[PDB]
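A.B. asks: Pasting protein.cif below, which is mmCIF, N, CA and C atoms and all ligand atoms.
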data_start
#
loop_
_atom_site.group_PDB
_atom_site.id
_atom_site.type_symbol
_atom_site.label_atom_id
_atom_site.label_comp_id
_atom_site.auth_asym_id
_atom_site.auth_seq_id
_atom_site.Cartn_x
_atom_site.Cartn_y
_atom_site.Cartn_z
ATOM 1 N N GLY S 10 130.818 108.654 93.409
ATOM 2 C CA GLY S 10 130.962 109.472 92.220
ATOM 3 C C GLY S 10 129.679 110.184 91.839
ATOM 4 N N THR S 11 129.154 109.863 90.658
ATOM 5 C CA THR S 11 127.907 110.461 90.202
ATOM 6 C C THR S 11 126.718 109.743 90.841
ATOM 7 N N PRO S 12 125.677 110.472 91.235
ATOM 8 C CA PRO S 12 124.479 109.817 91.778
ATOM 9 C C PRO S 12 123.540 109.385 90.665
ATOM 10 N N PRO S 13 122.607 108.476 90.950
ATOM 11 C CA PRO S 13 121.687 108.017 89.900
ATOM 12 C C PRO S 13 120.665 109.087 89.552
ATOM 13 N N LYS S 14 120.331 109.166 88.266
ATOM 14 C CA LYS S 14 119.448 110.201 87.751
ATOM 15 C C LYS S 14 118.374 109.575 86.873
ATOM 16 N N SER S 15 117.184 110.175 86.908
ATOM 17 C CA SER S 15 116.080 109.754 86.054
ATOM 18 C C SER S 15 115.439 110.973 85.400
ATOM 19 N N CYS S 16 114.543 111.654 86.113
ATOM 20 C CA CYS S 16 113.902 112.837 85.556
ATOM 21 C C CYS S 16 114.943 113.883 85.178
ATOM 22 N N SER S 17 114.740 114.526 84.026
ATOM 23 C CA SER S 17 115.581 115.666 83.679
ATOM 24 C C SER S 17 115.424 116.785 84.697
ATOM 25 N N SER S 18 114.224 116.941 85.254
ATOM 26 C CA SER S 18 113.905 118.007 86.190
ATOM 27 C C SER S 18 113.127 117.437 87.362
ATOM 28 N N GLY S 19 113.494 117.857 88.570
ATOM 29 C CA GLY S 19 112.737 117.535 89.755
ATOM 30 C C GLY S 19 112.832 116.079 90.159
ATOM 31 N N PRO S 20 112.172 115.724 91.256
ATOM 32 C CA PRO S 20 112.212 114.340 91.735
ATOM 33 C C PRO S 20 111.255 113.455 90.947
ATOM 34 N N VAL S 21 111.413 112.148 91.145
ATOM 35 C CA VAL S 21 110.373 111.210 90.750
ATOM 36 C C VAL S 21 109.196 111.379 91.698
ATOM 37 N N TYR S 22 107.994 111.486 91.140
ATOM 38 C CA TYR S 22 106.776 111.610 91.928
ATOM 39 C C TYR S 22 105.996 110.303 91.889
ATOM 40 N N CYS S 23 105.327 109.992 92.998
ATOM 41 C CA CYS S 23 104.347 108.914 93.067
ATOM 42 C C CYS S 23 102.970 109.558 93.176
ATOM 43 N N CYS S 24 102.172 109.440 92.117
ATOM 44 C CA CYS S 24 100.873 110.097 92.023
ATOM 45 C C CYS S 24 99.758 109.061 92.099
ATOM 46 N N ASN S 25 98.766 109.319 92.956
ATOM 47 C CA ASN S 25 97.639 108.399 93.075
ATOM 48 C C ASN S 25 96.929 108.217 91.739
ATOM 49 N N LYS S 26 96.848 109.278 90.934
ATOM 50 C CA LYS S 26 96.093 109.234 89.689
ATOM 51 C C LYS S 26 96.716 110.169 88.662
ATOM 52 N N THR S 27 96.712 109.740 87.401
ATOM 53 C CA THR S 27 97.168 110.571 86.297
ATOM 54 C C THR S 27 96.103 110.608 85.211
ATOM 55 N N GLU S 28 96.011 111.750 84.534
ATOM 56 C CA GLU S 28 95.037 111.950 83.472
ATOM 57 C C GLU S 28 95.679 112.675 82.298
ATOM 58 N N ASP S 29 95.280 112.287 81.088
ATOM 59 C CA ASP S 29 95.683 113.000 79.882
ATOM 60 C C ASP S 29 95.238 114.455 79.956
ATOM 61 N N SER S 30 96.185 115.374 79.752
ATOM 62 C CA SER S 30 95.870 116.793 79.857
ATOM 63 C C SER S 30 94.809 117.233 78.857
ATOM 64 N N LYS S 31 94.603 116.488 77.770
ATOM 65 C CA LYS S 31 93.571 116.843 76.802
ATOM 66 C C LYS S 31 92.263 116.088 77.026
ATOM 67 N N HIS S 32 92.163 115.283 78.080
ATOM 68 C CA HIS S 32 90.932 114.563 78.390
ATOM 69 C C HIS S 32 90.738 114.525 79.902
ATOM 70 N N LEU S 33 90.857 115.691 80.531
ATOM 71 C CA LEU S 33 90.608 115.795 81.959
ATOM 72 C C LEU S 33 89.121 115.638 82.247
ATOM 73 N N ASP S 34 88.811 115.009 83.378
ATOM 74 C CA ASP S 34 87.430 114.966 83.825
ATOM 75 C C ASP S 34 87.026 116.333 84.373
ATOM 76 N N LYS S 35 85.719 116.509 84.575
ATOM 77 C CA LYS S 35 85.217 117.822 84.966
ATOM 78 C C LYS S 35 85.695 118.207 86.363
ATOM 79 N N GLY S 36 85.817 117.238 87.266
ATOM 80 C CA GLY S 36 86.344 117.547 88.585
ATOM 81 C C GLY S 36 87.769 118.063 88.537
ATOM 82 N N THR S 37 88.624 117.407 87.747
ATOM 83 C CA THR S 37 90.017 117.832 87.655
ATOM 84 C C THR S 37 90.138 119.174 86.945
ATOM 85 N N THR S 38 89.386 119.368 85.859
ATOM 86 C CA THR S 38 89.399 120.659 85.179
ATOM 87 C C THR S 38 89.027 121.783 86.138
ATOM 88 N N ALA S 39 88.006 121.563 86.969
ATOM 89 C CA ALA S 39 87.583 122.595 87.911
ATOM 90 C C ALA S 39 88.668 122.882 88.940
ATOM 91 N N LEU S 40 89.290 121.832 89.480
ATOM 92 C CA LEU S 40 90.354 122.033 90.458
ATOM 93 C C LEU S 40 91.495 122.848 89.864
ATOM 94 N N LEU S 41 91.879 122.551 88.620
ATOM 95 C CA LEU S 41 92.926 123.340 87.978
ATOM 96 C C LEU S 41 92.473 124.778 87.768
ATOM 97 N N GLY S 42 91.214 124.980 87.376
ATOM 98 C CA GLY S 42 90.692 126.332 87.290
ATOM 99 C C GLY S 42 90.781 127.062 88.616
ATOM 100 N N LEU S 43 90.420 126.377 89.704
ATOM 101 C CA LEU S 43 90.528 126.964 91.035
ATOM 102 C C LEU S 43 91.953 127.412 91.330
ATOM 103 N N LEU S 44 92.943 126.629 90.903
ATOM 104 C CA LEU S 44 94.341 126.977 91.123
ATOM 105 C C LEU S 44 94.887 127.941 90.074
ATOM 106 N N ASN S 45 94.049 128.410 89.149
ATOM 107 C CA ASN S 45 94.451 129.376 88.125
ATOM 108 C C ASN S 45 95.566 128.837 87.233
ATOM 109 N N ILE S 46 95.588 127.528 87.022
ATOM 110 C CA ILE S 46 96.478 126.912 86.047
ATOM 111 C C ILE S 46 95.784 126.946 84.697
ATOM 112 N N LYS S 47 96.519 127.340 83.659
ATOM 113 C CA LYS S 47 95.947 127.534 82.332
ATOM 114 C C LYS S 47 96.058 126.221 81.563
ATOM 115 N N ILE S 48 94.912 125.576 81.335
ATOM 116 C CA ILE S 48 94.902 124.201 80.843
ATOM 117 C C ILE S 48 95.440 124.125 79.419
ATOM 118 N N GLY S 49 95.160 125.137 78.597
ATOM 119 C CA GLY S 49 95.608 125.095 77.216
ATOM 120 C C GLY S 49 97.114 125.087 77.062
ATOM 121 N N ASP S 50 97.839 125.553 78.074
ATOM 122 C CA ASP S 50 99.294 125.571 78.048
ATOM 123 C C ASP S 50 99.906 124.264 78.531
ATOM 124 N N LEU S 51 99.090 123.306 78.955
ATOM 125 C CA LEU S 51 99.601 122.065 79.514
ATOM 126 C C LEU S 51 99.840 121.034 78.421
ATOM 127 N N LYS S 52 100.856 120.206 78.639
ATOM 128 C CA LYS S 52 101.163 119.076 77.779
ATOM 129 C C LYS S 52 101.310 117.833 78.646
ATOM 130 N N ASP S 53 101.131 116.667 78.021
ATOM 131 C CA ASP S 53 101.344 115.395 78.699
ATOM 132 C C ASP S 53 100.308 115.212 79.803
ATOM 133 N N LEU S 54 100.707 114.699 80.960
ATOM 134 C CA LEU S 54 99.737 114.249 81.949
ATOM 135 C C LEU S 54 99.597 115.224 83.113
ATOM 136 N N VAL S 55 98.456 115.118 83.792
ATOM 137 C CA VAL S 55 98.199 115.785 85.063
ATOM 138 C C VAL S 55 98.157 114.712 86.140
ATOM 139 N N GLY S 56 98.869 114.941 87.236
ATOM 140 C CA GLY S 56 98.869 114.034 88.374
ATOM 141 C C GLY S 56 98.116 114.668 89.534
ATOM 142 N N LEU S 57 97.381 113.845 90.271
ATOM 143 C CA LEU S 57 96.654 114.289 91.451
ATOM 144 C C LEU S 57 97.108 113.483 92.660
ATOM 145 N N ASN S 58 97.313 114.183 93.776
ATOM 146 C CA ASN S 58 97.782 113.598 95.029
ATOM 147 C C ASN S 58 99.123 112.887 94.824
ATOM 148 N N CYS S 59 100.131 113.730 94.621
ATOM 149 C CA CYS S 59 101.480 113.313 94.277
ATOM 150 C C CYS S 59 102.439 113.625 95.419
ATOM 151 N N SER S 60 103.354 112.698 95.686
ATOM 152 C CA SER S 60 104.416 112.925 96.650
ATOM 153 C C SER S 60 105.748 112.530 96.031
ATOM 154 N N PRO S 61 106.812 113.288 96.288
ATOM 155 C CA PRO S 61 108.113 112.935 95.712
ATOM 156 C C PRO S 61 108.713 111.716 96.392
ATOM 157 N N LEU S 62 109.438 110.927 95.607
ATOM 158 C CA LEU S 62 110.170 109.784 96.124
ATOM 159 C C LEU S 62 111.613 110.174 96.421
ATOM 160 N N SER S 63 112.222 109.454 97.359
ATOM 161 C CA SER S 63 113.623 109.664 97.706
ATOM 162 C C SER S 63 114.409 108.367 97.548
ATOM 163 N N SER S 71 109.649 103.182 96.491
ATOM 164 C CA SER S 71 108.480 102.316 96.401
ATOM 165 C C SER S 71 107.224 103.136 96.122
ATOM 166 N N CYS S 72 106.485 102.740 95.089
ATOM 167 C CA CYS S 72 105.248 103.428 94.726
ATOM 168 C C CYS S 72 104.312 102.435 94.049
ATOM 169 N N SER S 73 103.149 102.232 94.653
ATOM 170 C CA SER S 73 102.156 101.293 94.145
ATOM 171 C C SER S 73 101.238 101.905 93.097
ATOM 172 N N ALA S 74 101.384 103.186 92.795
ATOM 173 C CA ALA S 74 100.503 103.886 91.862
ATOM 174 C C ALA S 74 101.318 104.292 90.633
ATOM 175 N N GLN S 75 101.295 105.553 90.208
ATOM 176 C CA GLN S 75 101.979 105.991 89.000
ATOM 177 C C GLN S 75 103.245 106.755 89.364
ATOM 178 N N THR S 76 104.374 106.334 88.801
ATOM 179 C CA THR S 76 105.641 107.037 88.958
ATOM 180 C C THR S 76 105.861 107.906 87.726
ATOM 181 N N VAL S 77 106.006 109.212 87.940
ATOM 182 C CA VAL S 77 106.067 110.171 86.847
ATOM 183 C C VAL S 77 107.072 111.268 87.162
ATOM 184 N N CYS S 78 107.591 111.882 86.098
ATOM 185 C CA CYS S 78 108.379 113.103 86.174
ATOM 186 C C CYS S 78 107.489 114.271 85.778
ATOM 187 N N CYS S 79 107.497 115.334 86.581
ATOM 188 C CA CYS S 79 106.620 116.474 86.358
ATOM 189 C C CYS S 79 107.420 117.767 86.351
ATOM 190 N N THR S 80 106.895 118.765 85.635
ATOM 191 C CA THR S 80 107.528 120.077 85.635
ATOM 192 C C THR S 80 107.143 120.896 86.859
ATOM 193 N N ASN S 81 105.914 120.749 87.356
ATOM 194 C CA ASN S 81 105.446 121.562 88.469
ATOM 195 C C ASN S 81 104.556 120.747 89.396
ATOM 196 N N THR S 82 104.648 121.061 90.685
ATOM 197 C CA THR S 82 103.787 120.508 91.718
ATOM 198 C C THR S 82 103.179 121.665 92.495
ATOM 199 N N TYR S 83 101.902 121.537 92.857
ATOM 200 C CA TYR S 83 101.175 122.612 93.518
ATOM 201 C C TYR S 83 100.478 122.109 94.774
ATOM 202 N N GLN S 84 100.434 122.968 95.789
ATOM 203 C CA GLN S 84 99.683 122.730 97.021
ATOM 204 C C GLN S 84 100.028 121.373 97.634
ATOM 205 N N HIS S 85 101.316 121.189 97.916
ATOM 206 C CA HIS S 85 101.804 119.977 98.571
ATOM 207 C C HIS S 85 101.449 118.722 97.779
ATOM 208 N N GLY S 86 101.411 118.827 96.456
ATOM 209 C CA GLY S 86 101.174 117.673 95.615
ATOM 210 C C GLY S 86 99.725 117.370 95.312
ATOM 211 N N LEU S 87 98.802 118.264 95.669
ATOM 212 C CA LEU S 87 97.406 118.079 95.293
ATOM 213 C C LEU S 87 97.263 117.909 93.787
ATOM 214 N N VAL S 88 97.993 118.712 93.017
ATOM 215 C CA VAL S 88 97.982 118.654 91.561
ATOM 216 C C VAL S 88 99.410 118.831 91.064
ATOM 217 N N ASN S 89 99.837 117.953 90.159
ATOM 218 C CA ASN S 89 101.070 118.105 89.397
ATOM 219 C C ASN S 89 100.714 118.275 87.927
ATOM 220 N N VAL S 90 101.555 118.996 87.182
ATOM 221 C CA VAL S 90 101.336 119.183 85.754
ATOM 222 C C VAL S 90 102.637 118.919 85.006
ATOM 223 N N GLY S 91 102.519 118.831 83.685
ATOM 224 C CA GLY S 91 103.659 118.478 82.855
ATOM 225 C C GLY S 91 104.285 117.158 83.245
ATOM 226 N N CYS S 92 103.464 116.159 83.554
ATOM 227 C CA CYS S 92 103.948 114.880 84.050
ATOM 228 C C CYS S 92 104.078 113.876 82.911
ATOM 229 N N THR S 93 105.183 113.129 82.920
ATOM 230 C CA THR S 93 105.438 112.050 81.979
ATOM 231 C C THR S 93 105.761 110.778 82.750
ATOM 232 N N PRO S 94 105.349 109.609 82.254
ATOM 233 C CA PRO S 94 105.714 108.362 82.937
ATOM 234 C C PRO S 94 107.221 108.151 82.941
ATOM 235 N N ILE S 95 107.706 107.551 84.024
ATOM 236 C CA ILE S 95 109.119 107.253 84.206
ATOM 237 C C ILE S 95 109.227 105.877 84.845
ATOM 238 N N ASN S 96 110.283 105.152 84.487
ATOM 239 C CA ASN S 96 110.538 103.805 84.991
ATOM 240 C C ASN S 96 111.873 103.820 85.722
ATOM 241 N N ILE S 97 111.829 103.782 87.054
ATOM 242 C CA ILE S 97 113.044 103.823 87.859
ATOM 243 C C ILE S 97 113.439 102.441 88.367
ATOM 244 N N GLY S 98 112.861 101.385 87.807
ATOM 245 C CA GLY S 98 113.215 100.026 88.154
ATOM 246 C C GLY S 98 114.278 99.464 87.235
ATOM 247 N N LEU S 99 114.350 98.139 87.200
ATOM 248 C CA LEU S 99 115.411 97.452 86.472
ATOM 249 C C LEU S 99 115.333 97.691 84.970
HETATM 250 NA NA NA L 1 99.393 98.147 92.240
#
Kindly transcribe the structure held in the file into structure tokens.
Ligand code: NA
C.D. replies:
Amino acid sequence: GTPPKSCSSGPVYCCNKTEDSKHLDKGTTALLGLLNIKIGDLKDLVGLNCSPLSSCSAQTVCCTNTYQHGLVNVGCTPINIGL
């Protein structure tokens, strides 16, 4: 029948690291600048080195956008796909 659903949009991502969009470190801010992502328009979390799931030992999040094969994700919120 219906398949299981979690994120309203996109797949569940497994991200090595997540950061508050309003407290990014200087390295992450620079990388986003390099990608021409406008930081002031971001909400929630930024994920770095993210891959979509179809098991994750790091952070499982739902994101609005993924860039450069998951180097950076934006609009990410924590999600719990377990019990
Ligand atoms: Na762990």
A.B. asks: So that each row is one residue of chain S with an atom at most 7 Å from ligand NA 1 (chain L), can you give its shortest atom pair and the distance in Å to one decimal, using all atoms listed in the file, rows by chain and rising number, as a tab-separated table?
C.D. replies:
residue	atom	partner	partner_atom	distance
S:72	C	L:NA1	NA	6.8
S:73	C	L:NA1	NA	4.3
S:74	N	L:NA1	NA	5.4
A.B. asks: Please save N, CA and C atoms of the selected residues as a CSV table (one decimal), in the coordinates of the input.
C.D. replies:
chain,number,residue,atom,x,y,z
S,72,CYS,N,106.5,102.7,95.1
S,72,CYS,CA,105.2,103.4,94.7
S,72,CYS,C,104.3,102.4,94.0
S,73,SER,N,103.1,102.2,94.7
S,73,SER,CA,102.2,101.3,94.1
S,73,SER,C,101.2,101.9,93.1
S,74,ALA,N,101.4,103.2,92.8
S,74,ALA,CA,100.5,103.9,91.9
S,74,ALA,C,101.3,104.3,90.6
A.B. asks: Which distance in Å separates atom C of residue 14 (chain S) and atom C of residue 49 (chain S), to one decimal?
C.D. replies: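 We find that atom C of residue 14 (chain S) and atom C of residue 49 (chain S) lie 28.1 Å from each other.
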A.B. asks: Can you turn the PyMOL selection byres (((chain S and resi 22) around 8) and not hetatm) into a concrete residue list for this file, as a list in words?
C.D. replies: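 This file, filtered by the PyMOL selection byres (((chain S and resi 22) around 8) and not hetatm), leaves residues 19, 20, 21, 23, 24, 25, 58, 59, 60, 61, 62, 63, 72, 74, 75, 76, 77, 78 and 79 of chain S.
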A.B. asks: Which of chain S end up as strand (DSSP E or B) when DSSP is run on this backbone - answer as number ranges by chain?
C.D. replies: S: 21-29, 54-61, 75-78, 81-83, 88-94
A.B. asks: Convert the current residue selection to file output with N, CA and C atoms, as a short mmCIF file (atom, residue, chain, number, x, y, z; two decimals), keeping the file's coordinate frame.
C.D. replies:
data_model
loop_
_atom_site.label_atom_id
_atom_site.label_comp_id
_atom_site.auth_asym_id
_atom_site.auth_seq_id
_atom_site.Cartn_x
_atom_site.Cartn_y
_atom_site.Cartn_z
N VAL S 21 111.41 112.15 91.14
CA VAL S 21 110.37 111.21 90.75
C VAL S 21 109.20 111.38 91.70
N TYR S 22 107.99 111.49 91.14
CA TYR S 22 106.78 111.61 91.93
C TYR S 22 106.00 110.30 91.89
N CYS S 23 105.33 109.99 93.00
CA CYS S 23 104.35 108.91 93.07
C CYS S 23 102.97 109.56 93.18
N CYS S 24 102.17 109.44 92.12
CA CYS S 24 100.87 110.10 92.02
C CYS S 24 99.76 109.06 92.10
N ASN S 25 98.77 109.32 92.96
CA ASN S 25 97.64 108.40 93.08
C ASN S 25 96.93 108.22 91.74
N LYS S 26 96.85 109.28 90.93
CA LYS S 26 96.09 109.23 89.69
C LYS S 26 96.72 110.17 88.66
N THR S 27 96.71 109.74 87.40
CA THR S 27 97.17 110.57 86.30
C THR S 27 96.10 110.61 85.21
N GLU S 28 96.01 111.75 84.53
CA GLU S 28 95.04 111.95 83.47
C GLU S 28 95.68 112.68 82.30
N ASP S 29 95.28 112.29 81.09
CA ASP S 29 95.68 113.00 79.88
C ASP S 29 95.24 114.46 79.96
N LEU S 54 100.71 114.70 80.96
CA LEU S 54 99.74 114.25 81.95
C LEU S 54 99.60 115.22 83.11
N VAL S 55 98.46 115.12 83.79
CA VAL S 55 98.20 115.78 85.06
C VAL S 55 98.16 114.71 86.14
N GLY S 56 98.87 114.94 87.24
CA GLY S 56 98.87 114.03 88.37
C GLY S 56 98.12 114.67 89.53
N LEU S 57 97.38 113.84 90.27
CA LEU S 57 96.65 114.29 91.45
C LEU S 57 97.11 113.48 92.66
N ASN S 58 97.31 114.18 93.78
CA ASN S 58 97.78 113.60 95.03
C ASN S 58 99.12 112.89 94.82
N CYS S 59 100.13 113.73 94.62
CA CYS S 59 101.48 113.31 94.28
C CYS S 59 102.44 113.62 95.42
N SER S 60 103.35 112.70 95.69
CA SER S 60 104.42 112.92 96.65
C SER S 60 105.75 112.53 96.03
N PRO S 61 106.81 113.29 96.29
CA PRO S 61 108.11 112.94 95.71
C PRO S 61 108.71 111.72 96.39
N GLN S 75 101.30 105.55 90.21
CA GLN S 75 101.98 105.99 89.00
C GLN S 75 103.24 106.76 89.36
N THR S 76 104.37 106.33 88.80
CA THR S 76 105.64 107.04 88.96
C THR S 76 105.86 107.91 87.73
N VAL S 77 106.01 109.21 87.94
CA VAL S 77 106.07 110.17 86.85
C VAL S 77 107.07 111.27 87.16
N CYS S 78 107.59 111.88 86.10
CA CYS S 78 108.38 113.10 86.17
C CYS S 78 107.49 114.27 85.78
N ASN S 81 105.91 120.75 87.36
CA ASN S 81 105.45 121.56 88.47
C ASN S 81 104.56 120.75 89.40
N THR S 82 104.65 121.06 90.68
CA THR S 82 103.79 120.51 91.72
C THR S 82 103.18 121.66 92.50
N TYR S 83 101.90 121.54 92.86
CA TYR S 83 101.18 122.61 93.52
C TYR S 83 100.48 122.11 94.77
N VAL S 88 97.99 118.71 93.02
CA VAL S 88 97.98 118.65 91.56
C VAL S 88 99.41 118.83 91.06
N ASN S 89 99.84 117.95 90.16
CA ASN S 89 101.07 118.10 89.40
C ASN S 89 100.71 118.28 87.93
N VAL S 90 101.56 119.00 87.18
CA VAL S 90 101.34 119.18 85.75
C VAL S 90 102.64 118.92 85.01
N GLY S 91 102.52 118.83 83.68
CA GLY S 91 103.66 118.48 82.86
C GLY S 91 104.28 117.16 83.24
N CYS S 92 103.46 116.16 83.55
CA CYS S 92 103.95 114.88 84.05
C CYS S 92 104.08 113.88 82.91
N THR S 93 105.18 113.13 82.92
CA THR S 93 105.44 112.05 81.98
C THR S 93 105.76 110.78 82.75
N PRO S 94 105.35 109.61 82.25
CA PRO S 94 105.71 108.36 82.94
C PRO S 94 107.22 108.15 82.94
#
A.B. asks: Please list as a PyMOL selection string every residue within 6 Å of residue 57 (chain S), counting all atoms listed in the file and excluding residues in the same chain fewer than 2 positions away.
C.D. replies: chain S and resi 24-27+55+59+86-89
A.B. asks: Selected residues, N, CA and C atoms, written as a CSV table (one decimal), keeping the file's coordinate frame, please.
C.D. replies:
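Heads up, here's the output in selection22.csv:
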chain,number,residue,atom,x,y,z
S,24,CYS,N,102.2,109.4,92.1
S,24,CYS,CA,100.9,110.1,92.0
S,24,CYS,C,99.8,109.1,92.1
S,25,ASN,N,98.8,109.3,93.0
S,25,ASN,CA,97.6,108.4,93.1
S,25,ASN,C,96.9,108.2,91.7
S,26,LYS,N,96.8,109.3,90.9
S,26,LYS,CA,96.1,109.2,89.7
S,26,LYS,C,96.7,110.2,88.7
S,27,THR,N,96.7,109.7,87.4
S,27,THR,CA,97.2,110.6,86.3
S,27,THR,C,96.1,110.6,85.2
S,55,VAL,N,98.5,115.1,83.8
S,55,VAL,CA,98.2,115.8,85.1
S,55,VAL,C,98.2,114.7,86.1
S,59,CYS,N,100.1,113.7,94.6
S,59,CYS,CA,101.5,113.3,94.3
S,59,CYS,C,102.4,113.6,95.4
S,86,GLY,N,101.4,118.8,96.5
S,86,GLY,CA,101.2,117.7,95.6
S,86,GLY,C,99.7,117.4,95.3
S,87,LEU,N,98.8,118.3,95.7
S,87,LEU,CA,97.4,118.1,95.3
S,87,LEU,C,97.3,117.9,93.8
S,88,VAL,N,98.0,118.7,93.0
S,88,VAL,CA,98.0,118.7,91.6
S,88,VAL,C,99.4,118.8,91.1
S,89,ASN,N,99.8,118.0,90.2
S,89,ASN,CA,101.1,118.1,89.4
S,89,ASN,C,100.7,118.3,87.9
A.B. asks: By how many Å are CA of residue 91 (chain S) and atom N of residue 51 (chain S) apart?
C.D. replies: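 That distance, rounded to one decimal, is 7.7 Å.
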A.B. asks: If you run DSSP on the backbone, which residues of chain S are alpha helix (DSSP H), as a VMD selection string?
C.D. replies: chain S and resid 35 to 43
A.B. asks: How far is it from atom N of residue 80 (chain S) to CA of residue 92 (chain S), in Å with one decimal?
C.D. replies: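 Straight-line distance from atom N of residue 80 (chain S) to CA of residue 92 (chain S) works out to 5.1 Å.
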A.B. asks: When you count only C-alpha atoms, which of these residues is closest to residue 15 (chain S): S:46, S:97, S:54, S:41?
C.D. replies: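 Of S:46, S:97, S:54, S:41, the one nearest residue 15 (chain S), counting only C-alpha atoms, is S:97.
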